Amino acid sequence: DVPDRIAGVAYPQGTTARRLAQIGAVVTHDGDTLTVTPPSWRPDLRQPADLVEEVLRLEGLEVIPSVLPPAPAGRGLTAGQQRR
Amino acid sequence: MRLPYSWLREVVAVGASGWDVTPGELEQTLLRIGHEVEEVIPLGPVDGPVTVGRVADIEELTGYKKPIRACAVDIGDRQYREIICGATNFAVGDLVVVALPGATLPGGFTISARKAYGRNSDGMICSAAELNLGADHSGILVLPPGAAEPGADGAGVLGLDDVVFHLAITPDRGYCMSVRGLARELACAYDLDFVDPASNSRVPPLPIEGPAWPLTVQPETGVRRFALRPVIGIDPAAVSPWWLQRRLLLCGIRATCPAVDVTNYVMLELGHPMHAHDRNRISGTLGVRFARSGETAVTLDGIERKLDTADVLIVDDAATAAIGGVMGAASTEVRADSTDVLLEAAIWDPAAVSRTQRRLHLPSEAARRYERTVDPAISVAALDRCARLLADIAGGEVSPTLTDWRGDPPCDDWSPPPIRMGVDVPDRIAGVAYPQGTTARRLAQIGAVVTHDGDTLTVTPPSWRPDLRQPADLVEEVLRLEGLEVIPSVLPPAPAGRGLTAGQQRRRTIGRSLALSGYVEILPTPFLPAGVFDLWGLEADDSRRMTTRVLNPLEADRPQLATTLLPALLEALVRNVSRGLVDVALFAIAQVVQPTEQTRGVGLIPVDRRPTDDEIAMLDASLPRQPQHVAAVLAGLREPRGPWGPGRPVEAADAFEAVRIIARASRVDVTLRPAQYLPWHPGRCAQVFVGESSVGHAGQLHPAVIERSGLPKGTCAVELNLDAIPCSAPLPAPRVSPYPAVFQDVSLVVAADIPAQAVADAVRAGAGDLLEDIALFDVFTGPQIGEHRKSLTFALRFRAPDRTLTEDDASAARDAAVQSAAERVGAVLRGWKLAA
């Protein structure tokens, strides 16, 4: 579900594994943990972040919602900034 | 509410014997649970010979200003000392308190055998104040006969190891204005068993064998309970024992006679006020009824009260007995010869007492407890406690007759409705996980009946707690008894905000901009000076005179709210000038009050729902217009004196420049047009326009206004309506041509009456896009051009966007500009020049 978390979207089931298959990787399931072996023409695919971008771009980035984060109580501008 | 620690300790001790705590700890515990402690007074200490004495002989010393007394005082062991005293509230045979040579009174006074008024004085006879025992009043302290023998130790007789707590009880805790209530609060705080001093084990009920007096009650007066019991054949000359007179004095009450003293004592003890009527002075049936228009009553203090048809009285066939809940009347007052007493234990309507006492300025001890709701369940118990005590002191019987009107139909059960609340609700509101069973244990301590139904408690508060009536109310009880200090500090996440609004950002920029240019901001007052518009000479129908009016101003001649900020500004100017600060520029940004119709109030809307958009619109429309203004005043030197020169006095142009500062700060363009408008000078006043909307005025003040007002000669002023200046958020994209400019100077002769800006506009209009800048240099008059004409010399800077301007191309643009000024303002060219 790592691509689901990063995108903030609940992708249909088997989406991350189908898309990684299309790009030519060997995908195997062990409960909640996939093992993904990318193809030789894809030396860029080498951490989980890299695999997220493949899922997210093939599903389209337009489906990602706009959600303001809660930012904590800030301290505002500093003295030096206010002085300039 | 003052009360002493010993009494409070005694009541707490019944159910937790041996309880005792320092004043410090008591103060802290009281604050922690919600009771403001205003002062802690331990009773001022004495050292040495401060003993009871008996006055054995009085000799009036004559020949001095006041009456003076040389007294022989029996001080013990058959020693008689001569003592000078200036009071008069004592006779031969009276127990007093003497401080003898070697004694030290509170405040660090040492007593010494002095000579005064021609005799030797071996000390002094003390007042309750001089001993820091109670409030200072006229005369010395007199103890009741049999309180102590002459020679007894003053500190022990008077109980000076006691401490008085002065509290400020909040109006939601009326039950706390008595030893009963505060003692209960301490038993809750300290986790003690509590024996209620109003309960039956502690006040056994007297007999009930027929009515004690005929009574009719108009129930729409709000009376909830009304009880009478008599005590007959009391000694009119008995006095209250020392312990009782003392407790009253520490509580702020001067004792007078057992009939009165016992009702004040039970009031302090149980929180139910009481009153004693001379029964033989009542004529016929007691009636509780509203007062009639114009009616009068004379209260105990012999002062005639003008009544109001919302005041509840007690009357009889002859006259008024009481302003119910506020103060008894003279006609049934206990007095020196009163032998048969009728005791009143009533429960009045809180809102009724509140209105009546505020209106009459009688915030009596009774009224203040009724305002905050007295426990109706204890009226007879307070009555019986009061009757027994009166009989015991002054020796009569308590008649077994009793009236006890309890509503129609009679109310037998005084408990409020039950409240349903989730068991963890106090935990949520506090943000604390309280130990299990905490909310239900604490609600039990405060006397409520608590029952569990899974996760939902049902809580029925006691009768003395009419404030406990929603779940929120119950949360505060849990949280305050556990302590508020246990609640953690947790910043909430607030959402992405939008920052300050345009208008807010604009008012800051206007203030920074005026302050840099040398203006000092004042906080204006909204209350106008008396007759300011007569001083300005405003017409009768001038809109500024239609003012909203306050009804209870702190100055009776300044009740009008300001339709203009200049009065307050001019007032601060006058103050600065009168303190020697004569070169001053002041400004204000504040709202005015401009009413439209008459003062139309809107009727009450139910608060069990939110008001509808229409109801809000109607409320808004009922209020006066209240736009935001900016205004300024200037007097004295605008530029100060220094090495550069003598400085420059304020002129009207400086107020015009203040418009331009505000407008630059607002990012809008203004035009100034000649205008006549008080309080300004008619030839030095400008009306300010943004586009075609008037936004205010600026210029010099009318010299007659300045003179009538006591203002500095030459004072200038500016006022703009900020609500009339529209928002602008420009997105500029300036064309910045780098090709060389051509500078030419042109002089135009026009009628004196034509404004300079009109001539500039005309020159700009005809010159077109090549004119990069125009600026007025000279304004010349003289005979050779016309007695009513004037020469204006403008500096023109031309620049092309795509090329170097030839000089003939510039002169064509000038010719067009000169022709435009001809066609629009009748200008005549006088000469031109190639600015070198």
# chains A, B, ... in the order shown; residues from 1 in each chain; ligands from 1
>>> select_by_dssp(residues="chain A", states="strand (DSSP E)", output="ChimeraX atom specification")
/A:26-30,33-37
>>> interface_residues(of="chain A", to="chain B", cutoff="8 Å", atoms="only C-alpha atoms", output="list in words")
residues 68, 69, 70, 71, 72 and 73 of chain A
>>> residues_around(residues="region 34-41 of chain B", least_positions_apart="3", cutoff="8 Å", atoms="only C-alpha atoms", output="count of residues only")
14
>>> closest_residue(among="A:5, A:42, A:19, A:75", to="residue 57 (chain A)", atoms="only C-alpha atoms")
A:19
>>> closest_residue(among="B:468, B:370, B:599, B:233", to="residue 339 (chain B)", atoms="only C-alpha atoms")
B:233
>>> residues_around(residues="region 186-202 of chain B", least_positions_apart="2", cutoff="7 Å", atoms="only C-alpha atoms", output="number ranges by chain")
B: 12, 14-16, 180, 182-184, 204-205, 270, 378, 381, 445-446, 481
>>> residues_around(residues="residue 16 (chain A)", least_positions_apart="5", cutoff="10 Å", atoms="only C-alpha atoms", output="ChimeraX atom specification")
/A:1-4,11,21,27,34,51-52,54-56,58-59
>>> write_last_selection(atoms="N, CA, C and O atoms", output="short mmCIF file (atom, residue, chain, number, x, y, z; two decimals), in the first residue's frame")
data_model
loop_
_atom_site.label_atom_id
_atom_site.label_comp_id
_atom_site.auth_asym_id
_atom_site.auth_seq_id
_atom_site.Cartn_x
_atom_site.Cartn_y
_atom_site.Cartn_z
N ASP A 1 0.81 -1.21 0.00
CA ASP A 1 0.00 0.00 0.00
C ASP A 1 0.85 1.27 0.00
O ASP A 1 0.28 2.37 -0.01
N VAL A 2 2.17 1.15 -0.01
CA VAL A 2 3.07 2.31 0.05
C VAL A 2 2.73 3.33 -1.03
O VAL A 2 2.71 4.54 -0.73
N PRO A 3 2.44 2.94 -2.29
CA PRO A 3 2.01 3.96 -3.26
C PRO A 3 0.71 4.61 -2.89
O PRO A 3 0.51 5.79 -3.19
N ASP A 4 -0.20 3.86 -2.26
CA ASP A 4 -1.46 4.45 -1.80
C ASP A 4 -1.21 5.53 -0.75
O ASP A 4 -1.79 6.63 -0.83
N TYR A 11 -5.92 3.22 -4.16
CA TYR A 11 -5.95 2.62 -5.49
C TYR A 11 -6.65 1.26 -5.45
O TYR A 11 -6.53 0.52 -4.47
N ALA A 21 4.38 -4.66 -12.97
CA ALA A 21 4.55 -5.72 -13.96
C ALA A 21 4.68 -5.14 -15.36
O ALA A 21 5.58 -5.52 -16.12
N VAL A 27 7.42 -9.31 -9.91
CA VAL A 27 6.73 -8.96 -8.67
C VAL A 27 6.22 -10.23 -7.98
O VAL A 27 5.58 -11.07 -8.62
N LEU A 34 5.62 -6.80 -1.01
CA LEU A 34 6.03 -7.22 -2.34
C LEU A 34 7.55 -7.21 -2.46
O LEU A 34 8.24 -6.37 -1.86
N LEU A 51 9.66 3.08 -7.08
CA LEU A 51 8.52 2.29 -7.52
C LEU A 51 7.21 3.05 -7.34
O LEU A 51 6.28 2.89 -8.15
N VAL A 52 7.11 3.88 -6.30
CA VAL A 52 5.91 4.68 -6.11
C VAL A 52 5.68 5.57 -7.33
O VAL A 52 4.55 5.67 -7.84
N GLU A 54 6.36 5.15 -10.35
CA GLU A 54 5.86 4.39 -11.50
C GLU A 54 4.36 4.16 -11.38
O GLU A 54 3.61 4.40 -12.33
N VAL A 55 3.91 3.68 -10.21
CA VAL A 55 2.48 3.48 -10.00
C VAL A 55 1.74 4.80 -10.21
O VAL A 55 0.81 4.88 -11.03
N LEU A 56 2.18 5.85 -9.51
CA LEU A 56 1.44 7.11 -9.46
C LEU A 56 1.34 7.77 -10.83
O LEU A 56 0.29 8.31 -11.18
N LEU A 58 1.43 6.28 -13.81
CA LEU A 58 0.63 5.51 -14.76
C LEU A 58 -0.85 5.55 -14.41
O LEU A 58 -1.70 5.43 -15.32
N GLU A 59 -1.18 5.72 -13.13
CA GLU A 59 -2.57 5.95 -12.73
C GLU A 59 -3.00 7.38 -13.02
O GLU A 59 -4.20 7.64 -13.13
#
>>> atom_distance(atom1="CA of residue 400 (chain B)", atom2="CA of residue 215 (chain B)")
17.1 Å
>>> atom_distance(atom1="CA of residue 63 (chain A)", atom2="CA of residue 7 (chain A)")
8.8 Å
>>> atom_distance(atom1="CA of residue 20 (chain A)", atom2="CA of residue 53 (chain A)")
10.3 Å
>>> residues_around(residues="residue 690 (chain B)", least_positions_apart="2", cutoff="10 Å", atoms="only C-alpha atoms", output="ChimeraX atom specification")
/B:663,668-672,688,692-696,724-726
>>> closest_residue(among="B:462, B:410, B:230, B:45", to="residue 397 (chain B)", atoms="only C-alpha atoms")
B:230
>>> residues_around(residues="residue 68 (chain B)", least_positions_apart="6", cutoff="10 Å", atoms="only C-alpha atoms", output="PyMOL selection string")
chain B and resi 58-62+84-88+117
>>> select_by_dssp(residues="chain A", states="alpha helix (DSSP H)", output="PyMOL selection string")
chain A and resi 2-7+15-22+48-59+79-83
>>> closest_residue(among="A:32, A:44, A:83, A:61", to="residue 6 (chain A)", atoms="only C-alpha atoms")
A:61
>>> decode(residues="region 517-535 of chain B", atoms="N, CA, C and O atoms", output="JSON list (two decimals), in the first residue's frame")
[["chain", "number", "residue", "atom", "x", "y", "z"],
["B", 517, "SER", "N", 5.93, 60.09, 8.51],
["B", 517, "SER", "CA", 5.89, 61.47, 8.09],
["B", 517, "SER", "C", 5.68, 62.42, 9.26],
["B", 517, "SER", "O", 5.47, 63.62, 9.04],
["B", 518, "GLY", "N", 5.73, 61.90, 10.49],
["B", 518, "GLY", "CA", 5.86, 62.75, 11.66],
["B", 518, "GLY", "C", 4.61, 62.93, 12.50],
["B", 518, "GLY", "O", 4.65, 63.71, 13.46],
["B", 519, "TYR", "N", 3.53, 62.24, 12.18],
["B", 519, "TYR", "CA", 2.31, 62.31, 12.94],
["B", 519, "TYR", "C", 2.35, 61.32, 14.11],
["B", 519, "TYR", "O", 2.92, 60.24, 14.01],
["B", 520, "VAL", "N", 1.74, 61.72, 15.23],
["B", 520, "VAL", "CA", 1.67, 60.91, 16.45],
["B", 520, "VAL", "C", 0.24, 60.43, 16.65],
["B", 520, "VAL", "O", -0.69, 61.24, 16.69],
["B", 521, "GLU", "N", 0.06, 59.12, 16.78],
["B", 521, "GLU", "CA", -1.29, 58.60, 16.85],
["B", 521, "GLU", "C", -1.84, 58.79, 18.26],
["B", 521, "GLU", "O", -1.11, 58.68, 19.25],
["B", 522, "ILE", "N", -3.13, 59.12, 18.34],
["B", 522, "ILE", "CA", -3.84, 59.16, 19.61],
["B", 522, "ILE", "C", -4.97, 58.14, 19.57],
["B", 522, "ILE", "O", -5.47, 57.77, 18.51],
["B", 523, "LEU", "N", -5.36, 57.70, 20.75],
["B", 523, "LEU", "CA", -6.60, 56.95, 20.89],
["B", 523, "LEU", "C", -7.70, 57.97, 21.11],
["B", 523, "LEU", "O", -7.77, 58.56, 22.20],
["B", 524, "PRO", "N", -8.56, 58.24, 20.12],
["B", 524, "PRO", "CA", -9.60, 59.26, 20.31],
["B", 524, "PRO", "C", -10.67, 58.80, 21.28],
["B", 524, "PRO", "O", -10.92, 57.60, 21.46],
["B", 525, "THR", "N", -11.32, 59.78, 21.93],
["B", 525, "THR", "CA", -12.48, 59.42, 22.73],
["B", 525, "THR", "C", -13.75, 59.56, 21.91],
["B", 525, "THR", "O", -13.87, 60.49, 21.11],
["B", 526, "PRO", "N", -14.71, 58.66, 22.07],
["B", 526, "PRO", "CA", -15.93, 58.75, 21.24],
["B", 526, "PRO", "C", -16.97, 59.70, 21.81],
["B", 526, "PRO", "O", -17.94, 60.01, 21.11],
["B", 527, "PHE", "N", -16.78, 60.19, 23.04],
["B", 527, "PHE", "CA", -17.71, 61.12, 23.67],
["B", 527, "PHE", "C", -17.33, 62.55, 23.27],
["B", 527, "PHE", "O", -16.26, 63.03, 23.63],
["B", 528, "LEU", "N", -18.23, 63.21, 22.56],
["B", 528, "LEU", "CA", -17.94, 64.53, 22.01],
["B", 528, "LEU", "C", -17.82, 65.56, 23.14],
["B", 528, "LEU", "O", -18.35, 65.37, 24.23],
["B", 529, "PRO", "N", -17.08, 66.64, 22.90],
["B", 529, "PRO", "CA", -17.09, 67.75, 23.85],
["B", 529, "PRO", "C", -18.44, 68.44, 23.84],
["B", 529, "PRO", "O", -19.15, 68.44, 22.83],
["B", 530, "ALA", "N", -18.80, 69.04, 24.97],
["B", 530, "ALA", "CA", -20.08, 69.72, 25.07],
["B", 530, "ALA", "C", -20.13, 70.91, 24.12],
["B", 530, "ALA", "O", -19.26, 71.77, 24.14],
["B", 531, "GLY", "N", -21.15, 70.91, 23.26],
["B", 531, "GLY", "CA", -21.39, 72.04, 22.38],
["B", 531, "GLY", "C", -20.33, 72.28, 21.32],
["B", 531, "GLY", "O", -20.18, 73.41, 20.85],
["B", 532, "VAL", "N", -19.60, 71.24, 20.93],
["B", 532, "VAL", "CA", -18.52, 71.42, 19.97],
["B", 532, "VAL", "C", -19.06, 71.94, 18.64],
["B", 532, "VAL", "O", -18.41, 72.75, 17.97],
["B", 533, "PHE", "N", -20.26, 71.50, 18.25],
["B", 533, "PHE", "CA", -20.78, 71.93, 16.96],
["B", 533, "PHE", "C", -21.28, 73.37, 16.98],
["B", 533, "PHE", "O", -21.25, 74.05, 15.94],
["B", 534, "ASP", "N", -21.71, 73.88, 18.15],
["B", 534, "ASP", "CA", -21.97, 75.31, 18.29],
["B", 534, "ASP", "C", -20.68, 76.13, 18.17],
["B", 534, "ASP", "O", -20.69, 77.22, 17.59],
["B", 535, "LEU", "N", -19.58, 75.63, 18.75],
["B", 535, "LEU", "CA", -18.27, 76.27, 18.58],
["B", 535, "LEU", "C", -17.83, 76.27, 17.12],
["B", 535, "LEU", "O", -17.22, 77.24, 16.64]]
